[PDB]
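Novice: Have a look at this one.
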Amino acid sequence: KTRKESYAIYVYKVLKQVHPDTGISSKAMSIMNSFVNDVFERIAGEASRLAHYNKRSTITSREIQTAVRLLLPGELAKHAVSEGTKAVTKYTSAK
Amino acid sequence: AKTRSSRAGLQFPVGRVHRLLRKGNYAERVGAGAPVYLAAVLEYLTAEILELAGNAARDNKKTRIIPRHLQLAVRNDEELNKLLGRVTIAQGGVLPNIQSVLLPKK
Amino acid sequence: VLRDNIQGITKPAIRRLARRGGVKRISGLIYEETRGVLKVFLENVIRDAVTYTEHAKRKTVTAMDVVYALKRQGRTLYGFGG
Amino acid sequence: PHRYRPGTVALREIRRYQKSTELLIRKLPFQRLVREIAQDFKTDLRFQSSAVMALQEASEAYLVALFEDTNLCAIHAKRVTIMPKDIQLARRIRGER
DNA sequence: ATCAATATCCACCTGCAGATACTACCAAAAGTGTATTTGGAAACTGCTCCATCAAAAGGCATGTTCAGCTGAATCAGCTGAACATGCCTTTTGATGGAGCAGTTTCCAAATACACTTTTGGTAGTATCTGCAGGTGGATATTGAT
């Protein structure tokens, strides 16, 4: 009865954060799930290429960062880069 | 016993994203910052779109975001529109847009 | 005789390009439009190449930088590596 | 006194340039433009000679092809003179706008 | 402008489909904690190959003149929009069975070493030549009358 993962509960959490009285249809959720997978693949992909081009066998938060800059448009990138730097810094100082 | 997600102050699952990076054959190794940074970008992007879709839902006297609202959100936002410029949101329709010369009289 | 850099992409040059493109007759306003277009093209491509440069911690844009940039812009180029 | 009709030389130039493959923009001015644009992204940059070259090849390929679609757009409108609206229509349909 | 057909807009309204809920379990995640390996940053440096510039090259800015193209105006012909009408085909809800997919067993094939052999790339040197330019001479093309 195989297990099919999605990003649904997580999309829902964030949803409640930004619009506490708004719901989401399962088809909308599905699309949401597709979008996350999509962007995941595009970032990971560039990251993958980027590493190769530099004869590196490790994908680090630095690779992801250039990937985000290469992939996302102007203002989305700027803000994504903050949020990720932030998360790492916070993650580094937390063990 | 604290999850890395909470350690990074994130809703999105860092564990899962670390895993999918390995399984997905992107490089030999995956650094520990990688999935944190990515999950963060992933969470940020989804917030940005839900914020905007939420607004379209409200503009429409609806409480539940449906595919049309996501489409309104994406298409109305220059940057999300570029990011998703070669993507089709099933059941989203199009933005109302009639070319000038098409309207009656003068 | 101080001249803007984009203006160094001259009328006769743009004319020649149109020619290879098989254009017989060119409106006077094309030369400025073409300059705009070329600028947006170069920005988009250079932005990406330099991003590759900064990643490699260099101060030189390499042909590979440019080639990689072109590939991800969907304008794959053969002749310069990769 | 000898004079060629408008478009006689133009045709002759189409034929010339279609036969050859040399770049049609002067290297230097193009080089500056490249550097100027780059300066806004990072300062004190140097450029491999081949790097500039690659950029030029790409840029000329791009513009030459955009002129073909542009021309088709002019002809669609029953003209033989390319106009900005033609470049604009081509770029919109290509999905660049 | 005023009169009237007909679309459009809310507002409220019932059913209900789809969403939200909860209780219990659980397989596989995710984390934890320990021992073992190494990828790449950091630091030193050699030599490409890059920016610069001085002398040689040769393409373009320039203003005039008018060929011929573009766009406005006008108009006849007919194509395509609207709508009325008569009814076929799709939509929707209900019921047997193909094949997907989930689990487990088993072996042909691929990974992981390690050592033995070769080939492909650089480099120094020297060796070779296809053809871009130049020439000269005929013939074709274009434009004028």
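Heads up, residue numbers simply count up from 1 along the chain you see.
Just so it is clear, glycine is given a Cβ too, placed from its N, Cα and C backbone atoms.
Annotation source Swiss-Prot lists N6-lactoyllysine at C:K11 (among others), citing similarity to another entry. Residues or ranges marked as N6-acetyllysine in Swiss-Prot (evidence: similarity to another entry): C:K11, C:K59, C:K71 (among others). The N6-succinyllysine annotation in Swiss-Prot covers C:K11 (among others). What Swiss-Prot records for C:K11, C:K39, C:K57, C:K59 (among others) is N6-(2-hydroxyisobutyryl)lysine, and it gives similarity to another entry as the kind of evidence. The UFM1 cross-link annotation in Swiss-Prot covers C:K11. According to Swiss-Prot, the phosphotyrosine annotation covers C:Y31 (among others). Taken from Swiss-Prot, the feature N6-glutaryllysine applies to C:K57 (among others). Among the features that Swiss-Prot reports, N6-propionyllysine is placed at C:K71 (among others), with the record citing similarity to another entry. Among the features that Swiss-Prot reports, ubiquitin cross-link is placed at C:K71.
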Novice: How big is the gap, in Å, between the Cα of C:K71 (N6-acetyllysine) and that of C:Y31 (phosphotyrosine), rounded to a whole number?
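Specialist: Given the Cα positions, C:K71 (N6-acetyllysine) is 28 Å from C:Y31 (phosphotyrosine).
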Novice: Within 10 Å of C:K11 (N6-lactoyllysine) (Cα-Cα), which of the modified residues C:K39, C:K57, C:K59?
Specialist: none
Novice: Where's the emptiest Cβ shell within 10 Å among the modified residues C:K11, C:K39, C:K57, C:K59, C:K71?
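Specialist: If we count Cβ atoms within 10 Å for the modified residues C:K11, C:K39, C:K57, C:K59, C:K71, the smallest count is at C:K57.
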Novice: Measure from each Cβ of the modified residues C:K11, C:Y31, C:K39, C:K57, C:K59, C:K71 to the Cβ atoms of chain D, and list in sequence order the residues where some distance is under 8 Å, or 'none'.
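Specialist: Listed modified residues meeting the cut-off: C:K39, C:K59.
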Novice: Just jot down the residues in the same chain as C:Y31 (phosphotyrosine), at least 6 apart in sequence, with C-beta under 8 A of its C-beta; none if empty.
Specialist: C:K11, C:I14
Novice: In angstrom units, rounded to an integer, how far apart are the Cα atoms of C:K57 (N6-(2-hydroxyisobutyryl)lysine) and C:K39 (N6-(2-hydroxyisobutyryl)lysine)?
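Specialist: Checking the Cα atoms of C:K57 (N6-(2-hydroxyisobutyryl)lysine) and C:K39 (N6-(2-hydroxyisobutyryl)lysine) gives a distance of 26 Å.
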Novice: Check C:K71 (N6-acetyllysine) against DSSP and tell me helix, strand or coil, would you?
Specialist: helix
Novice: May I ask for the distance between C:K59 (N6-(2-hydroxyisobutyryl)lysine) and C:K39 (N6-(2-hydroxyisobutyryl)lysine), taken between their Cα atoms and rounded to an integer number of Å?
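Specialist: Rounded to the nearest whole number, the Cα-Cα distance is 22 Å.
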